[PDB]
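Enquirer: So that you have it, the file is run.cif, and it contains mmCIF, N, CA and C atoms and all ligand atoms:
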```cif
data_query
loop_
_atom_site.label_atom_id
_atom_site.label_comp_id
_atom_site.auth_asym_id
_atom_site.auth_seq_id
_atom_site.Cartn_x
_atom_site.Cartn_y
_atom_site.Cartn_z
N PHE A 4 2.40 -22.00 12.75
CA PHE A 4 2.32 -20.52 12.55
C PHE A 4 1.22 -20.12 11.57
N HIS A 5 0.33 -19.25 12.05
CA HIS A 5 -0.85 -18.84 11.32
C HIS A 5 -1.08 -17.34 11.48
N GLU A 6 -1.22 -16.64 10.35
CA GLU A 6 -1.62 -15.23 10.37
C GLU A 6 -2.85 -14.98 9.51
N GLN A 7 -3.56 -13.91 9.83
CA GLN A 7 -4.76 -13.55 9.10
C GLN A 7 -4.89 -12.05 9.03
N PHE A 8 -5.37 -11.59 7.88
CA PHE A 8 -5.54 -10.16 7.59
C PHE A 8 -6.69 -10.03 6.62
N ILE A 9 -7.30 -8.85 6.62
CA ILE A 9 -8.46 -8.58 5.79
C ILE A 9 -7.96 -7.75 4.64
N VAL A 10 -8.44 -8.04 3.44
CA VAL A 10 -8.14 -7.22 2.26
C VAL A 10 -9.49 -6.70 1.77
N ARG A 11 -9.62 -5.38 1.70
CA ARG A 11 -10.87 -4.78 1.28
C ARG A 11 -11.31 -5.42 -0.05
N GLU A 12 -12.61 -5.65 -0.21
CA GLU A 12 -13.10 -6.47 -1.32
C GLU A 12 -12.83 -5.91 -2.72
N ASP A 13 -12.85 -4.59 -2.83
CA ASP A 13 -12.48 -3.93 -4.09
C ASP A 13 -11.00 -3.98 -4.47
N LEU A 14 -10.16 -4.41 -3.54
CA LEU A 14 -8.71 -4.64 -3.80
C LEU A 14 -8.41 -6.12 -4.00
N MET A 15 -9.43 -6.95 -3.95
CA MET A 15 -9.21 -8.38 -4.03
C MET A 15 -8.52 -8.83 -5.32
N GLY A 16 -8.88 -8.23 -6.45
CA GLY A 16 -8.21 -8.55 -7.72
C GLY A 16 -6.72 -8.25 -7.78
N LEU A 17 -6.26 -7.29 -6.98
CA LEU A 17 -4.83 -7.05 -6.80
C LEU A 17 -4.17 -8.19 -6.01
N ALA A 18 -4.78 -8.57 -4.88
CA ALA A 18 -4.30 -9.67 -4.03
C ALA A 18 -4.18 -11.01 -4.77
N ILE A 19 -5.19 -11.30 -5.59
CA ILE A 19 -5.24 -12.56 -6.32
C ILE A 19 -4.42 -12.43 -7.58
N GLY A 20 -4.60 -11.32 -8.29
CA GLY A 20 -3.81 -11.02 -9.47
C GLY A 20 -4.41 -11.67 -10.69
N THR A 21 -3.98 -11.24 -11.87
CA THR A 21 -4.58 -11.74 -13.11
C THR A 21 -4.39 -13.25 -13.25
N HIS A 22 -5.51 -13.98 -13.20
CA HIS A 22 -5.51 -15.43 -13.19
C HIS A 22 -4.67 -16.03 -12.05
N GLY A 23 -4.70 -15.38 -10.89
CA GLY A 23 -4.11 -15.91 -9.68
C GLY A 23 -2.62 -15.67 -9.57
N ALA A 24 -2.06 -14.88 -10.49
CA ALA A 24 -0.62 -14.71 -10.59
C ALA A 24 -0.01 -14.31 -9.25
N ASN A 25 -0.67 -13.41 -8.54
CA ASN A 25 -0.10 -12.90 -7.29
C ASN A 25 -0.22 -13.90 -6.15
N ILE A 26 -1.39 -14.52 -6.01
CA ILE A 26 -1.59 -15.49 -4.96
C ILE A 26 -0.71 -16.72 -5.21
N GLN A 27 -0.48 -17.04 -6.48
CA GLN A 27 0.46 -18.09 -6.85
C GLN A 27 1.87 -17.84 -6.27
N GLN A 28 2.35 -16.62 -6.40
CA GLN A 28 3.61 -16.22 -5.78
C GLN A 28 3.59 -16.41 -4.28
N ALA A 29 2.54 -15.97 -3.61
CA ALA A 29 2.48 -16.14 -2.16
C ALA A 29 2.45 -17.62 -1.81
N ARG A 30 1.81 -18.43 -2.65
CA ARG A 30 1.78 -19.87 -2.38
C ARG A 30 3.12 -20.57 -2.57
N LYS A 31 3.91 -20.14 -3.54
CA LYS A 31 5.19 -20.78 -3.81
C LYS A 31 6.31 -20.31 -2.88
N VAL A 32 5.99 -19.57 -1.82
CA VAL A 32 6.99 -19.19 -0.81
C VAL A 32 7.38 -20.42 0.02
N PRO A 33 8.68 -20.75 0.05
CA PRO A 33 9.09 -21.95 0.77
C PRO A 33 8.74 -21.83 2.25
N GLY A 34 8.12 -22.87 2.80
CA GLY A 34 7.65 -22.85 4.18
C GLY A 34 6.15 -22.62 4.34
N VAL A 35 5.51 -22.02 3.34
CA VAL A 35 4.07 -21.77 3.41
C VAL A 35 3.34 -23.08 3.13
N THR A 36 2.52 -23.50 4.08
CA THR A 36 1.76 -24.74 4.00
C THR A 36 0.47 -24.53 3.23
N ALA A 37 -0.20 -23.40 3.48
CA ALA A 37 -1.51 -23.13 2.89
C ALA A 37 -1.94 -21.67 3.03
N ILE A 38 -2.70 -21.21 2.04
CA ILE A 38 -3.31 -19.89 2.06
C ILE A 38 -4.78 -20.02 1.73
N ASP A 39 -5.66 -19.56 2.61
CA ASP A 39 -7.09 -19.70 2.35
C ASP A 39 -7.75 -18.36 2.44
N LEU A 40 -8.64 -18.07 1.49
CA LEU A 40 -9.43 -16.87 1.55
C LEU A 40 -10.86 -17.22 1.97
N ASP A 41 -11.27 -16.66 3.10
CA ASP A 41 -12.67 -16.65 3.54
C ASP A 41 -13.36 -15.45 2.87
N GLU A 42 -14.00 -15.73 1.73
CA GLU A 42 -14.57 -14.70 0.86
C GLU A 42 -15.73 -13.90 1.49
N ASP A 43 -16.42 -14.47 2.47
CA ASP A 43 -17.48 -13.72 3.14
C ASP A 43 -16.95 -12.79 4.23
N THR A 44 -15.67 -12.89 4.55
CA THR A 44 -15.05 -11.89 5.43
C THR A 44 -13.80 -11.26 4.82
N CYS A 45 -13.49 -11.62 3.57
CA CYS A 45 -12.29 -11.13 2.86
C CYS A 45 -11.00 -11.32 3.64
N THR A 46 -10.95 -12.39 4.43
CA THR A 46 -9.86 -12.66 5.34
C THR A 46 -9.00 -13.77 4.75
N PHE A 47 -7.72 -13.47 4.54
CA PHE A 47 -6.71 -14.50 4.24
C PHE A 47 -6.19 -15.09 5.52
N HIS A 48 -6.03 -16.42 5.50
CA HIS A 48 -5.34 -17.15 6.54
C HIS A 48 -4.18 -17.83 5.86
N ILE A 49 -2.98 -17.64 6.40
CA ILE A 49 -1.77 -18.20 5.85
C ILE A 49 -1.21 -19.09 6.93
N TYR A 50 -0.92 -20.35 6.59
CA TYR A 50 -0.40 -21.34 7.53
C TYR A 50 0.97 -21.78 7.06
N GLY A 51 1.89 -22.03 7.98
CA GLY A 51 3.23 -22.39 7.56
C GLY A 51 4.20 -22.77 8.66
N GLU A 52 5.37 -23.26 8.23
CA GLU A 52 6.38 -23.88 9.10
C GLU A 52 7.15 -22.88 9.98
N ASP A 53 7.40 -21.68 9.47
CA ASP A 53 8.01 -20.62 10.27
C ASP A 53 7.28 -19.29 10.08
N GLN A 54 7.56 -18.35 10.96
CA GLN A 54 6.94 -17.04 10.92
C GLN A 54 7.36 -16.26 9.67
N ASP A 55 8.66 -16.27 9.38
CA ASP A 55 9.24 -15.51 8.26
C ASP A 55 8.55 -15.89 6.94
N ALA A 56 8.33 -17.19 6.74
CA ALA A 56 7.70 -17.69 5.53
C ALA A 56 6.26 -17.18 5.38
N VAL A 57 5.50 -17.24 6.46
CA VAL A 57 4.09 -16.81 6.47
C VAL A 57 4.02 -15.30 6.27
N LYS A 58 4.97 -14.58 6.84
CA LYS A 58 5.04 -13.13 6.69
C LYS A 58 5.38 -12.73 5.24
N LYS A 59 6.35 -13.43 4.66
CA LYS A 59 6.75 -13.27 3.26
C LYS A 59 5.53 -13.47 2.32
N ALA A 60 4.72 -14.48 2.61
CA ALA A 60 3.48 -14.68 1.84
C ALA A 60 2.45 -13.55 2.09
N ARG A 61 2.28 -13.14 3.34
CA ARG A 61 1.41 -12.01 3.66
C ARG A 61 1.83 -10.81 2.86
N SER A 62 3.15 -10.61 2.78
CA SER A 62 3.70 -9.46 2.10
C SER A 62 3.13 -9.26 0.70
N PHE A 63 2.91 -10.34 -0.04
CA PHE A 63 2.37 -10.22 -1.40
C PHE A 63 0.88 -9.86 -1.39
N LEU A 64 0.15 -10.30 -0.37
CA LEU A 64 -1.33 -10.27 -0.43
C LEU A 64 -1.91 -9.10 0.31
N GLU A 65 -1.14 -8.48 1.23
CA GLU A 65 -1.72 -7.48 2.12
C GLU A 65 -1.88 -6.10 1.48
N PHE A 66 -2.79 -6.04 0.50
CA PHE A 66 -3.15 -4.79 -0.13
C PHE A 66 -4.00 -3.91 0.75
N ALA A 67 -3.73 -2.60 0.67
CA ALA A 67 -4.49 -1.62 1.40
C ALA A 67 -4.58 -0.31 0.61
N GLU A 68 -5.58 0.51 0.95
CA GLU A 68 -5.67 1.88 0.49
C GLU A 68 -5.45 2.76 1.69
N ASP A 69 -4.26 3.35 1.80
CA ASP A 69 -3.92 4.18 2.96
C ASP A 69 -3.64 5.62 2.59
N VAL A 70 -4.21 6.54 3.39
CA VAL A 70 -4.08 7.99 3.22
C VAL A 70 -2.89 8.53 4.02
N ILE A 71 -1.98 9.19 3.31
CA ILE A 71 -0.89 9.93 3.92
C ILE A 71 -1.14 11.42 3.71
N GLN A 72 -1.05 12.18 4.79
CA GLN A 72 -1.30 13.60 4.74
C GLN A 72 0.02 14.33 4.56
N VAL A 73 0.12 15.08 3.47
CA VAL A 73 1.34 15.75 3.04
C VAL A 73 1.13 17.24 3.27
N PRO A 74 2.05 17.90 4.01
CA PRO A 74 1.94 19.33 4.22
C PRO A 74 1.84 20.09 2.91
N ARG A 75 0.85 20.97 2.83
CA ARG A 75 0.59 21.75 1.63
C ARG A 75 1.80 22.59 1.25
N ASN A 76 2.41 23.23 2.24
CA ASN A 76 3.61 24.05 2.00
C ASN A 76 4.82 23.29 1.42
N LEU A 77 4.77 21.96 1.44
CA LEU A 77 5.88 21.14 0.92
C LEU A 77 5.48 20.27 -0.27
N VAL A 78 4.22 20.37 -0.72
CA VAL A 78 3.70 19.38 -1.66
C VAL A 78 4.56 19.28 -2.93
N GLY A 79 5.07 20.41 -3.40
CA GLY A 79 5.86 20.43 -4.64
C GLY A 79 7.15 19.62 -4.60
N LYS A 80 7.68 19.43 -3.39
CA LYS A 80 8.95 18.70 -3.19
C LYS A 80 8.79 17.23 -3.51
N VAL A 81 7.57 16.75 -3.36
CA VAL A 81 7.23 15.36 -3.58
C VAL A 81 6.71 15.11 -5.00
N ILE A 82 6.20 16.16 -5.65
CA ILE A 82 5.62 16.05 -6.99
C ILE A 82 6.70 16.14 -8.07
N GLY A 83 7.62 17.08 -7.87
CA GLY A 83 8.76 17.26 -8.75
C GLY A 83 8.45 18.11 -9.97
N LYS A 84 9.49 18.32 -10.77
CA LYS A 84 9.33 18.84 -12.13
C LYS A 84 8.62 17.76 -12.93
N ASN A 85 7.85 18.16 -13.93
CA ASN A 85 7.32 17.20 -14.88
C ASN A 85 6.66 16.03 -14.14
N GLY A 86 5.89 16.34 -13.09
CA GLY A 86 5.28 15.32 -12.21
C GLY A 86 6.09 14.05 -12.06
N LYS A 87 7.41 14.19 -12.20
CA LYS A 87 8.28 13.06 -12.48
C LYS A 87 8.68 12.34 -11.21
N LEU A 88 8.81 13.10 -10.13
CA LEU A 88 9.26 12.56 -8.86
C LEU A 88 8.17 11.69 -8.26
N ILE A 89 6.96 12.20 -8.19
CA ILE A 89 5.86 11.37 -7.68
C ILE A 89 5.67 10.07 -8.50
N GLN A 90 5.84 10.13 -9.82
CA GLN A 90 5.80 8.91 -10.63
C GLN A 90 6.96 7.95 -10.29
N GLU A 91 8.17 8.47 -10.10
CA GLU A 91 9.30 7.63 -9.70
C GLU A 91 9.09 6.97 -8.36
N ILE A 92 8.45 7.71 -7.46
CA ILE A 92 8.17 7.23 -6.12
C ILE A 92 7.19 6.04 -6.18
N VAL A 93 6.15 6.19 -6.99
CA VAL A 93 5.17 5.12 -7.21
C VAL A 93 5.86 3.95 -7.85
N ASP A 94 6.68 4.25 -8.86
CA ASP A 94 7.35 3.18 -9.57
C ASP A 94 8.40 2.45 -8.76
N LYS A 95 9.22 3.18 -8.01
CA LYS A 95 10.24 2.52 -7.20
C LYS A 95 9.63 1.79 -6.05
N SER A 96 8.65 2.41 -5.40
CA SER A 96 8.06 1.88 -4.18
C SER A 96 7.37 0.54 -4.43
N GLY A 97 6.81 0.39 -5.63
CA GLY A 97 6.02 -0.78 -5.96
C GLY A 97 4.53 -0.63 -5.67
N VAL A 98 4.06 0.58 -5.35
CA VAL A 98 2.62 0.74 -5.08
C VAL A 98 1.87 0.63 -6.39
N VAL A 99 0.56 0.48 -6.32
CA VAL A 99 -0.27 0.47 -7.51
C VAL A 99 -0.54 1.86 -8.06
N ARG A 100 -0.77 2.80 -7.17
CA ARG A 100 -1.34 4.07 -7.54
C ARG A 100 -1.22 4.97 -6.35
N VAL A 101 -1.04 6.26 -6.62
CA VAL A 101 -1.33 7.31 -5.65
C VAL A 101 -2.38 8.23 -6.26
N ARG A 102 -3.35 8.65 -5.47
CA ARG A 102 -4.25 9.74 -5.86
C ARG A 102 -3.94 10.96 -5.00
N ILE A 103 -3.64 12.09 -5.61
CA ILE A 103 -3.50 13.32 -4.82
C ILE A 103 -4.82 14.04 -4.95
N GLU A 104 -5.44 14.35 -3.81
CA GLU A 104 -6.80 14.85 -3.77
C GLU A 104 -6.83 16.31 -3.32
N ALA A 105 -7.40 17.17 -4.15
CA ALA A 105 -7.71 18.55 -3.79
C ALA A 105 -9.22 18.63 -3.65
N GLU A 106 -9.67 18.88 -2.42
CA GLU A 106 -11.08 18.93 -2.04
C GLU A 106 -11.55 20.38 -2.03
N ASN A 107 -12.82 20.59 -2.35
CA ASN A 107 -13.42 21.92 -2.35
C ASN A 107 -13.36 22.53 -0.94
N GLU A 108 -13.01 23.81 -0.85
CA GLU A 108 -12.84 24.49 0.44
C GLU A 108 -14.04 24.29 1.38
N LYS A 109 -15.21 23.99 0.81
CA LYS A 109 -16.42 23.76 1.58
C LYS A 109 -16.38 22.42 2.30
N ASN A 110 -15.70 21.45 1.70
CA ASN A 110 -15.60 20.12 2.30
C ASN A 110 -14.94 20.23 3.67
N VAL A 111 -15.72 19.92 4.70
CA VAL A 111 -15.32 20.15 6.08
C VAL A 111 -14.20 19.22 6.53
N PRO A 112 -14.33 17.91 6.26
CA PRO A 112 -13.33 16.98 6.80
C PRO A 112 -12.00 17.06 6.05
N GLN A 113 -11.10 17.91 6.56
CA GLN A 113 -9.74 18.01 6.03
C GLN A 113 -8.77 18.32 7.17
N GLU A 114 -7.73 17.49 7.34
CA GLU A 114 -6.59 17.86 8.20
C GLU A 114 -6.09 19.22 7.73
N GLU A 115 -5.93 20.16 8.66
CA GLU A 115 -5.61 21.54 8.30
C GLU A 115 -4.19 21.69 7.74
N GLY A 116 -4.08 22.34 6.59
CA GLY A 116 -2.80 22.55 5.92
C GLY A 116 -2.23 21.33 5.22
N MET A 117 -3.07 20.33 4.94
CA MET A 117 -2.61 19.05 4.40
C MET A 117 -3.30 18.73 3.10
N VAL A 118 -2.58 18.03 2.24
CA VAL A 118 -3.11 17.48 1.00
C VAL A 118 -3.11 15.95 1.15
N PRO A 119 -4.28 15.30 0.98
CA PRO A 119 -4.27 13.84 1.03
C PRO A 119 -3.58 13.19 -0.16
N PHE A 120 -2.61 12.32 0.14
CA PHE A 120 -2.03 11.40 -0.83
C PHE A 120 -2.55 9.99 -0.44
N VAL A 121 -3.41 9.42 -1.27
CA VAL A 121 -4.04 8.11 -1.00
C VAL A 121 -3.36 7.05 -1.84
N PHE A 122 -2.59 6.18 -1.18
CA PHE A 122 -1.87 5.12 -1.88
C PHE A 122 -2.68 3.86 -1.91
N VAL A 123 -2.59 3.12 -3.02
CA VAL A 123 -3.14 1.79 -3.06
C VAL A 123 -1.94 0.92 -3.35
N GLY A 124 -1.73 -0.09 -2.51
CA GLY A 124 -0.61 -1.02 -2.68
C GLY A 124 -0.46 -2.03 -1.56
N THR A 125 0.50 -2.94 -1.68
CA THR A 125 0.83 -3.79 -0.55
C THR A 125 1.34 -2.90 0.59
N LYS A 126 1.14 -3.35 1.82
CA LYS A 126 1.56 -2.58 2.98
C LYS A 126 3.03 -2.23 2.89
N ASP A 127 3.83 -3.20 2.49
CA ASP A 127 5.26 -3.00 2.31
C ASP A 127 5.58 -1.98 1.25
N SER A 128 4.85 -2.01 0.13
CA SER A 128 5.09 -1.04 -0.94
C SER A 128 4.77 0.38 -0.42
N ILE A 129 3.74 0.50 0.39
CA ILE A 129 3.33 1.81 0.90
C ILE A 129 4.37 2.35 1.90
N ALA A 130 4.90 1.44 2.72
CA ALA A 130 6.00 1.73 3.64
C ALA A 130 7.21 2.26 2.85
N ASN A 131 7.52 1.62 1.72
CA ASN A 131 8.61 2.09 0.86
C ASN A 131 8.30 3.50 0.38
N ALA A 132 7.08 3.71 -0.12
CA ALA A 132 6.64 5.03 -0.61
C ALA A 132 6.70 6.10 0.47
N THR A 133 6.35 5.72 1.68
CA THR A 133 6.40 6.63 2.81
C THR A 133 7.82 7.15 3.13
N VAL A 134 8.82 6.26 3.11
CA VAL A 134 10.22 6.68 3.35
C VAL A 134 10.71 7.69 2.31
N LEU A 135 10.35 7.44 1.04
CA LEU A 135 10.69 8.33 -0.06
C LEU A 135 9.97 9.67 0.04
N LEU A 136 8.72 9.64 0.47
CA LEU A 136 7.97 10.85 0.81
C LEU A 136 8.69 11.65 1.85
N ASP A 137 8.96 11.03 2.99
CA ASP A 137 9.63 11.70 4.11
C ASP A 137 11.02 12.23 3.77
N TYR A 138 11.77 11.44 3.00
CA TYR A 138 13.08 11.85 2.45
C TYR A 138 13.00 13.14 1.64
N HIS A 139 12.04 13.22 0.71
CA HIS A 139 11.90 14.41 -0.12
C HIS A 139 11.27 15.57 0.63
N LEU A 140 10.37 15.27 1.54
CA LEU A 140 9.69 16.31 2.31
C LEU A 140 10.61 17.02 3.31
N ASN A 141 11.18 16.25 4.22
CA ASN A 141 11.74 16.78 5.44
C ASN A 141 13.24 16.79 5.44
N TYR A 142 13.83 15.86 4.70
CA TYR A 142 15.27 15.68 4.76
C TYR A 142 15.98 16.48 3.67
N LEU A 143 15.48 16.34 2.45
CA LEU A 143 16.22 16.79 1.29
C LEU A 143 16.09 18.29 1.21
N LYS A 144 17.25 18.92 1.08
CA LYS A 144 17.37 20.36 1.07
C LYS A 144 18.01 20.75 -0.25
MG MG B 1 -17.36 -11.33 -2.07
#
```
Would you put the structure from the file into structure tokens?

Expert:
Amino acid sequence: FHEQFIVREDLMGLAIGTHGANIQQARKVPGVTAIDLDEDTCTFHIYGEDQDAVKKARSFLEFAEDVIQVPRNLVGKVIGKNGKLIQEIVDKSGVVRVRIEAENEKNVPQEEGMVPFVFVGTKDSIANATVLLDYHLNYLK
């Protein structure tokens, strides 16, 4: 069992972690045979005995910067009082950071009626953040 994914080069220090701390975790996953980074393509290859093990290792390393578009009319539901809810969401989810971006009205490329929330984190952490977003946006009354 072998999987491969690309981690953008500016996120590489998150994937590897301070003195390899993060990649060390992915390596010590039982069942993982090997993890190799092809630095000229920023591609991790993870080799291992079962799929679950290789996926568990991918889980630590698969950093991304993904944009979620949040309806402007609902933005406050996700930010909270005392910017506290958005901080809890980042903290619970496990993401590294969210940037909420307000672009000048002249800036043409904008989904209409939307505020970009740009998360940096593992794919799984962003998935966690997304459920909490949707919960506060659409569900919670
Ligand atoms: Mg390089």

Enquirer: Throw together the list of residues within 9 Å of ligand MG 1 (chain B), counting only C-alpha atoms and all ligand atoms, and drop it here as a ChimeraX atom specification.

Expert: /A:12,15,42-45

Enquirer: Need the shell around residue 102 (chain A): protein/DNA/RNA residues with any atom at most 7 Å away, counting only C-alpha atoms. Skip same-chain ones fewer than 4 positions apart. Format as a PyMOL selection string?

Expert: chain A and resi 120-122

Enquirer: Go ahead and find all residues with at least one atom no further than 5 Å from (0.3, 20.9, 2.6) in the file's coordinates, using only N, CA and C atoms; report them as JSON, numbers by chain.

Expert: {"A": [73, 74, 75, 76, 77, 116, 117, 118]}

Enquirer: Quick one, how far is atom N of residue 98 (chain A) from CA of residue 110 (chain A)?

Expert: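 One can read the atom N of residue 98 (chain A) to CA of residue 110 (chain A) distance as 28.8 Å.
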
Enquirer: Could you name the residues that touch region 55-68 of chain A at 8 Å or less, counting all atoms listed in the file, but leaving out those on the same chain fewer than 3 positions away, as a count of residues only?

Expert: 36

Enquirer: Excluding region 134-139 of chain A and its own-chain neighbours fewer than 4 positions away, which residues fall within 6.5 Å of it when counting all atoms listed in the file? Please give them as a JSON list (two decimals) with N, CA and C atoms, in the coordinates of the input.

Expert:
```json
[["chain", "number", "residue", "atom", "x", "y", "z"],
["A", 80, "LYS", "N", 7.68, 19.43, -3.39],
["A", 80, "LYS", "CA", 8.95, 18.70, -3.19],
["A", 80, "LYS", "C", 8.79, 17.23, -3.51],
["A", 81, "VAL", "N", 7.57, 16.75, -3.36],
["A", 81, "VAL", "CA", 7.23, 15.36, -3.58],
["A", 81, "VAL", "C", 6.71, 15.11, -5.00],
["A", 129, "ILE", "N", 3.74, 0.50, 0.39],
["A", 129, "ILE", "CA", 3.33, 1.81, 0.90],
["A", 129, "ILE", "C", 4.37, 2.35, 1.90],
["A", 130, "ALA", "N", 4.90, 1.44, 2.72],
["A", 130, "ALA", "CA", 6.00, 1.73, 3.64],
["A", 130, "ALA", "C", 7.21, 2.26, 2.85],
["A", 143, "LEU", "N", 15.48, 16.34, 2.45],
["A", 143, "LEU", "CA", 16.22, 16.79, 1.29],
["A", 143, "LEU", "C", 16.09, 18.29, 1.21]]
```

Enquirer: Using only C-alpha atoms, which of the listed residues (A:37, A:70, A:27, A:47) sits closest to residue 113 (chain A)?

Expert: A:70

Enquirer: Work out how far apart atom C of residue 72 (chain A) and atom N of residue 115 (chain A) are and give it in Å to one decimal.

Expert: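 Here the two named atoms are 9.3 Å from each other.
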
Enquirer: Return as a PyMOL selection string the full set of residues in chain A whose backbone-based DSSP assignment is helix (DSSP H, G or I).

Expert: chain A and resi 12-19+21-30+54-64+75-82+84-96+126-142

Enquirer: Just give me the gap between CA of residue 87 (chain A) and CA of residue 99 (chain A) in Å, one decimal is fine.

Expert: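 Result for CA of residue 87 (chain A) versus CA of residue 99 (chain A): 16.0 Å, one decimal.
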
Enquirer: Check the DSSP output for the backbone and give back, as a PDB file with N, CA and C atoms, in the coordinates of the input, the residues of region 22-90 of chain A in strand (DSSP E).

Expert:
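That gives us out25.pdb:
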```pdb
ATOM      1  N   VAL A  35       5.510 -22.020   3.340  1.00  0.00           N
ATOM      2  CA  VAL A  35       4.070 -21.770   3.410  1.00  0.00           C
ATOM      3  C   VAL A  35       3.340 -23.080   3.130  1.00  0.00           C
ATOM      4  N   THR A  36       2.520 -23.500   4.080  1.00  0.00           N
ATOM      5  CA  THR A  36       1.760 -24.740   4.000  1.00  0.00           C
ATOM      6  C   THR A  36       0.470 -24.530   3.230  1.00  0.00           C
ATOM      7  N   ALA A  37      -0.200 -23.400   3.480  1.00  0.00           N
ATOM      8  CA  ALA A  37      -1.510 -23.130   2.890  1.00  0.00           C
ATOM      9  C   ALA A  37      -1.940 -21.670   3.030  1.00  0.00           C
ATOM     10  N   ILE A  38      -2.700 -21.210   2.040  1.00  0.00           N
ATOM     11  CA  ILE A  38      -3.310 -19.890   2.060  1.00  0.00           C
ATOM     12  C   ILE A  38      -4.780 -20.020   1.730  1.00  0.00           C
ATOM     13  N   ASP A  39      -5.660 -19.560   2.610  1.00  0.00           N
ATOM     14  CA  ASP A  39      -7.090 -19.700   2.350  1.00  0.00           C
ATOM     15  C   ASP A  39      -7.750 -18.360   2.440  1.00  0.00           C
ATOM     16  N   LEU A  40      -8.640 -18.070   1.490  1.00  0.00           N
ATOM     17  CA  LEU A  40      -9.430 -16.870   1.550  1.00  0.00           C
ATOM     18  C   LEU A  40     -10.860 -17.220   1.970  1.00  0.00           C
ATOM     19  N   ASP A  41     -11.270 -16.660   3.100  1.00  0.00           N
ATOM     20  CA  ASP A  41     -12.670 -16.650   3.540  1.00  0.00           C
ATOM     21  C   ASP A  41     -13.360 -15.450   2.870  1.00  0.00           C
ATOM     22  N   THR A  46     -10.950 -12.390   4.430  1.00  0.00           N
ATOM     23  CA  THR A  46      -9.860 -12.660   5.340  1.00  0.00           C
ATOM     24  C   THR A  46      -9.000 -13.770   4.750  1.00  0.00           C
ATOM     25  N   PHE A  47      -7.720 -13.470   4.540  1.00  0.00           N
ATOM     26  CA  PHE A  47      -6.710 -14.500   4.240  1.00  0.00           C
ATOM     27  C   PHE A  47      -6.190 -15.090   5.520  1.00  0.00           C
ATOM     28  N   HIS A  48      -6.030 -16.420   5.500  1.00  0.00           N
ATOM     29  CA  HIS A  48      -5.340 -17.150   6.540  1.00  0.00           C
ATOM     30  C   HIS A  48      -4.180 -17.830   5.860  1.00  0.00           C
ATOM     31  N   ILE A  49      -2.980 -17.640   6.400  1.00  0.00           N
ATOM     32  CA  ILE A  49      -1.770 -18.200   5.850  1.00  0.00           C
ATOM     33  C   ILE A  49      -1.210 -19.090   6.930  1.00  0.00           C
ATOM     34  N   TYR A  50      -0.920 -20.350   6.590  1.00  0.00           N
ATOM     35  CA  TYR A  50      -0.400 -21.340   7.530  1.00  0.00           C
ATOM     36  C   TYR A  50       0.970 -21.780   7.060  1.00  0.00           C
ATOM     37  N   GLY A  51       1.890 -22.030   7.980  1.00  0.00           N
ATOM     38  CA  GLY A  51       3.230 -22.390   7.560  1.00  0.00           C
ATOM     39  C   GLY A  51       4.200 -22.770   8.660  1.00  0.00           C
ATOM     40  N   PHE A  66      -2.790  -6.040   0.500  1.00  0.00           N
ATOM     41  CA  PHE A  66      -3.150  -4.790  -0.130  1.00  0.00           C
ATOM     42  C   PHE A  66      -4.000  -3.910   0.750  1.00  0.00           C
ATOM     43  N   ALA A  67      -3.730  -2.600   0.670  1.00  0.00           N
ATOM     44  CA  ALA A  67      -4.490  -1.620   1.400  1.00  0.00           C
ATOM     45  C   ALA A  67      -4.580  -0.310   0.610  1.00  0.00           C
ATOM     46  N   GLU A  68      -5.580   0.510   0.950  1.00  0.00           N
ATOM     47  CA  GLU A  68      -5.670   1.880   0.490  1.00  0.00           C
ATOM     48  C   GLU A  68      -5.450   2.760   1.690  1.00  0.00           C
ATOM     49  N   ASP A  69      -4.260   3.350   1.800  1.00  0.00           N
ATOM     50  CA  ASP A  69      -3.920   4.180   2.960  1.00  0.00           C
ATOM     51  C   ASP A  69      -3.640   5.620   2.590  1.00  0.00           C
ATOM     52  N   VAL A  70      -4.210   6.540   3.390  1.00  0.00           N
ATOM     53  CA  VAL A  70      -4.080   7.990   3.220  1.00  0.00           C
ATOM     54  C   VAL A  70      -2.890   8.530   4.020  1.00  0.00           C
ATOM     55  N   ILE A  71      -1.980   9.190   3.310  1.00  0.00           N
ATOM     56  CA  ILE A  71      -0.890   9.930   3.920  1.00  0.00           C
ATOM     57  C   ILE A  71      -1.140  11.420   3.710  1.00  0.00           C
ATOM     58  N   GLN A  72      -1.050  12.180   4.790  1.00  0.00           N
ATOM     59  CA  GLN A  72      -1.300  13.600   4.740  1.00  0.00           C
ATOM     60  C   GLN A  72       0.020  14.330   4.560  1.00  0.00           C
ATOM     61  N   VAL A  73       0.120  15.080   3.470  1.00  0.00           N
ATOM     62  CA  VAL A  73       1.340  15.750   3.040  1.00  0.00           C
ATOM     63  C   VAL A  73       1.130  17.240   3.270  1.00  0.00           C
ATOM     64  N   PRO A  74       2.050  17.900   4.010  1.00  0.00           N
ATOM     65  CA  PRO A  74       1.940  19.330   4.220  1.00  0.00           C
ATOM     66  C   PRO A  74       1.840  20.090   2.910  1.00  0.00           C
TER      67      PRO A  74
END
```

Enquirer: Considering only N, CA and C atoms, can you say which of A:140, A:108, A:7, A:94 comes closest to residue 78 (chain A)?

Expert: A:140

Enquirer: A:53, A:39, A:69, A:13: which is nearest residue 100 (chain A), counting only C-alpha atoms?

Expert: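 Among A:53, A:39, A:69, A:13, it is A:69 that comes nearest to residue 100 (chain A).
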